[PDB]
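No Cβ is skipped: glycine too gets one built from the backbone with ideal geometry, and neighbour counts run over all protein chains shown. We did not get these values from a lab; they are worked out from the coordinates using the rules stated.
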Ligand SMILES: Cc1cc2nc3c(=O)[nH]c(=O)nc-3n(C[C@H](O)[C@H](O)[C@H](O)COP(=O)(O)OP(=O)(O)OC[C@H]3O[C@@H](n4cnc5c(N)ncnc54)[C@H](O)[C@@H]3O)c2cc1C
Ligand SMILES: Cc1cc2nc3c(=O)[nH]c(=O)nc-3n(C[C@H](O)[C@H](O)[C@H](O)COP(=O)(O)OP(=O)(O)OC[C@H]3O[C@@H](n4cnc5c(N)ncnc54)[C@H](O)[C@@H]3O)c2cc1C
Ligand SMILES: C(#Cc1nc(-c2ccc3c(ccn3C[C@@H]3CCCN3)c2)sc1C1(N2CCCC2)CCCCC1)CNCC1CCC1
Ligand SMILES: C(#Cc1nc(-c2ccc3c(ccn3C[C@@H]3CCCN3)c2)sc1C1(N2CCCC2)CCCCC1)CNCC1CCC1
């Protein structure tokens, strides 16, 4: 029998398994449906992040940024045969595939060289409070390969893309298939306002063949809901400046195939659009339907997530749940932190719970976003006096590069009673790297005075965070006003 | 012409002090400088050395140089074009760089024109008496007087100047001032000096050199970038060598002569020789005290050459102050800004503030760049009983695909191991200058190592390495380097 069985060899499942086995000598089993990236199941050993998430996403955005580099280099005297330029999508994917497969292999080797840490290929599910069955397929009636006896069971199966119930949805893809398109689409429509749709819009915009067009549609008025609103409006503009068509207050109603294999999209508003690819990126839902949670009584939240307490425990004793399946912060480092904290509490004498506040995240759009803490309108409903410090500027190089539209935005939100910084929001190149150390600042409850009394590093964009001393406006009892009464 | 404040030197520190005194405390301010825009004959001008012949132009040209790597590295991500058609136009880079600096010059002139009690005077300032700044047509005390500015307070803020060694043929060499206006990119160039100016210009010249070119950097001691973390000093040496730059350590030029075609014949103290088209001296910058007539009123200099000041920027003469490079401490623009702002708060706002010169974050825009804040381990070991070093070094994944496998990232955290306080952070790699900024805020808060690795990381970034080091790589006990503790 195993001290612990983990269903899902992803960001959270692997941290919890490795720690419990190497730090505490416990006997661990880990189940995943594949050993290497790709169809049919896309995610595999490593998790969504390694196989069809952060890692290949970052590589493909890097590749897409070269479209700007090539164009901007002329402002600094560089020339080359523009007509010979080709963005070879098939080589990008091949390089991504080999980079991901290398990670797949190293995790494979990890299991083969760690005693007390074993991997089982198959589909895991709950047969009882103490048994995880491994079948050949997600079908509960498929052949059994294993029945793992477990003193503790960890649910860490991640999440799965959400798809709307419209006629012709089968002709639409999600981010999973976008990583494996054999050719770069000339015309693509990304559906959604979230970070996945924006990031892939930039990727497709760079590698599209001549005559191409990337359209992004969103059912409400402003994309990237949940991010700072100044950044939301500015990123919309800068995407438009780089050729992406942003189509707000629109939503697909049906999709049919044209005689050439392209898709005819009809929107609820009657508008129509023909594209080669339609990528649904309207949300990620917890991946629970294959686990047979009813066999055991694991309760879910109203919106489909596995309900846990601040220590990641389900209502069933000795059954825990971490990561995206809990439907809180769908971030890789969070799932790692929840995995490590769980094992410390269960297999050690050090109870530890992960802080889900003041977590720094990023969006690798072109231009990128970096954020940590509360946006202002949320803070306005939680604090009596709120100050907003805002600063927009054109970085030095973009006065020469030919990309004047690349304005950098820095915003700081404080509790104005004592100047405690509640949120920092950045837009512009470098923002993802700038914001990491800002997260450390907010654990230490840094005040605005701690930022503008720190001496800047010149010339940097991050310098701006230490150059703001006077609020641009306030919120008192939830009311926006420039000057205080 | 009775001013509250007269500033000699319209630079980084001088401009901050004059603007604060005028706009925040309604004081009448005069500011003196020798030009209103960048370039010859005097190079620095309205805006200072940073705007005109320092950080700002330096940065734009390094950015242009980085496109040599971008264009090569793009192939790994599927980008295809005619490699043989790639050319770098140096005159376009200079021309574009001049436009951007002049826009800053123009902007500053409009600030003076539109702000009450903030007047600009063109000429050369100097001390006539304790309360009189005289402005002449040239730096020569015999040149004609333009104004005598009556001043209740005087601020010395003239910056620094490139130091040129007294070797035969020095007249055939240049400094960084002239490098910003070279009509052509040198095919062969020798940057003399191991500091950040020489390293950064090596990167620039390496990217824009015509075919068959070579950049050589020489330094009289064994390892370049003294003062920085030793690991990073060695890695940048490797990564400069990896990008084609010959480093020539333990060598120092002894003379320069002219060849028939106009090139320079360099003879080193070791008897070695080298032929280059340009010799750029960047061995140091010295405080610019020679034209101020400090002896007239008796402003004292330190044993080192800078204007002696107490922690509130006050000189030995009452109502005369000095900030910035002329005080010859940390020759950084943001420090001169901070010193100038603290000076005005103290003098005019009865708000006594002084600049903290410790834990200052700074950068080197080498390719790849450096970001640093706080102490290096050698210095912390002489100052703390138990010291620990957390170290992580690796080639990022993107640079495996890009083909630049030599671009090893380096993160190092130095701590006082007795309580875990972070004493210094040192970075090498893309984004290091941007990462290190908020690290200065962390060190201002006396952050501890645990504050870093208990912060949730941002993935995937280089910065998140700073939050995933929790076990020291080695220690310094009583100044002795060891891997494990006793
Ligand atoms: C396109 C995209 C980009 C992203 N970019 C980022 C980013 O930049 N930064 C970031 O922090 N996060 C990002 N995320 C989110 C991140 O990938 C997840 O938050 C992260 O994987 C944490 O999830 P987890 O560890 O809980 O589960 P995962 O890491 O998803 O692992 C779940 C694993 O369980 C397996 N599994 C599922 N069901 C079963 C079953 N029945 N039996 C056996 N195995 C099963 C799956 O194959 C999978 O490998 C991105 C996600 C996507 C889709
Ligand atoms: C090539 C180079 C690159 C650099 N890069 C960086 C960097 O990346 N980051 C950074 O932080 N720092 C950098 N520095 C340093 C930075 O430029 C200086 O530390 C900063 O400009 C000093 O400001 P200051 O106020 O002391 O005087 P300065 O800014 O030097 O201004 C002094 C001014 O006084 C004027 N002046 C001189 N004598 C007289 C007189 N008799 N009468 C009237 N006016 C006079 C001059 O014309 C000059 O404009 C760099 C310096 C150089 C040379
Ligand atoms: C990694 C890794 C890693 N590689 C290991 C490993 C690697 C190789 C192994 C073994 C055991 C045997 N081998 C084979 C030997 C040793 C290396 C090659 N040959 C173990 S163990 C390991 C770690 N765990 C794996 C699952 C998550 C925790 C993560 C890194 C710290 C050490 C543990 C990359 N981390 C980046 C992520 C993205 C968010 C953080
Ligand atoms: C700056 C600035 C700045 N511009 C000002 C300014 C600029 C223009 C002004 C006035 C007052 C009137 N004008 C003219 C306006 C312009 C449009 C209409 N008329 C004031 S005031 C000002 C500040 N300092 C004053 C002395 C120089 C720095 C810094 C920014 C906050 C305000 C003061 C940074 N420039 C970027 C480069 C990168 C290295 C430096």
Seminar exercise, completed: Over chain B, the sum of -39500 (n - 2.57) across DSSP H runs of at least four, divided by residue number and rounded to 500 deg cm²/dmol, gives at 222 nm -9000 deg cm²/dmol
Seminar exercise, completed: region B:16-35 and region A:157-209 have their Cα centres apart by a whole-number Å value of 56
Problem set entry | region A:39-133: mean projected area of Cα convex hull, nm² | 9.6
Seminar exercise, completed: The relative contact order of region B:246-286, taking Cα pairs under 8 Å that sit 6 or more residues apart, comes to a percentage of 29
Exercise. Any idea what diffusion coefficient region B:273-385 gets from Stokes-Einstein, in µm²/s, Kirkwood Rh on alpha carbon pairs, 20 °C, 1.002 mPa s?
Worked result: 127
Problem set entry | More than 19 angstrom apart: percent of Cα pairs within region A:162-282 | 42
For this session: Convert 25 °C to kelvin, take the viscosity as 0.890 mPa s, use the Kirkwood radius over C-alpha pairs of region A:97-188 as Rh, and evaluate the Stokes-Einstein diffusion coefficient in µm²/s, rounded to a whole number.
Result: 144
Exercise. So what is the relative contact order of region B:359-470, in percent, for Cα pairs below 8 Å that sit 6 or more residues apart?
Worked result: 29
For this session: Starting from the coordinates of the alpha-carbon atoms of chain A, obtain the Kirkwood hydrodynamic radius over all distinct pairs and give the value in Å to one decimal.
Result: 24.4
Problem set entry | Neighbour-count order for B:171, A:183, fewest beta carbons within 10 angstrom listed first | B:171, A:183
Seminar exercise, completed: Using alpha carbon positions and the Kirkwood radius, the Rg to Rh ratio of region B:359-470 is 0.97
Seminar exercise, completed: Listed with the fewest Cβ neighbours within 10 Å leading, A:141, B:255 appear as A:141, B:255
For this session: Over the whole of B:55-66, what's the average partner chain Cβ count within 10 Å per residue? Rounded to a whole number, please.
Result: 4
Exercise. Among B:406-419, B:423-436, A:448-461, B:471-484, how do they line up from the highest to the lowest mean number of other beta-carbon atoms within 10 Å?
Worked result: B:423-436, A:448-461, B:406-419, B:471-484
Seminar exercise, completed: Using alpha carbon positions and the Kirkwood radius, the Rg to Rh ratio of the protein assembly as shown is 1.00
For this session: Sort A:266, B:249 so that the residue with the fewest other Cβ atoms within 10 Å of its own Cβ comes first and the one with the most comes last.
Result: B:249, A:266
Problem set entry | Percentage relative contact order, chain B, counting C-alpha pairs under 8 Å, at least six apart | 14
